[PDB]
């Protein structure tokens, strides 16, 4: 089974396997596709981070590198960095995936508009 962000921010979800090993670049694209999504771009993860999205996992994006979005500093997540941090790695390296849902328009898929 796959782990997925409970609430997507600017259409972005972190997607990973429930146990290691995680996913090379090809596997990451395939995982998003199996969910009916696409691999997110760096720009899409940056937009999510600016809207409050952070994780403790590096994940593949469409530019063929991996990123981690960080808002608070934690030594276990991006070595206390803040921002969208980049990891240039071979396409064979295992990471999670950032997927983008083009049907999302709410900033947070769990927070509706006022009804």
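Numbering follows the first chain given and starts at 1.
Here 28 to 36 and 63 to 71 are compared by their mean Cα B-factor, and 28 to 36 comes out higher.
According to the PDB record, 102 to 110 carries the higher mean C-alpha B-factor of the two stretches 102 to 110 and 89 to 97.
Split the chain's modelled residues into thirds by C-alpha temperature factor. Residue 57 is in the highest one. The entry lists a Cα temperature factor for residue 49 that places it in the lowest third of the chain's modelled residues. The entry lists a Cα temperature factor for residue 42 that places it in the middle third of the chain's modelled residues.
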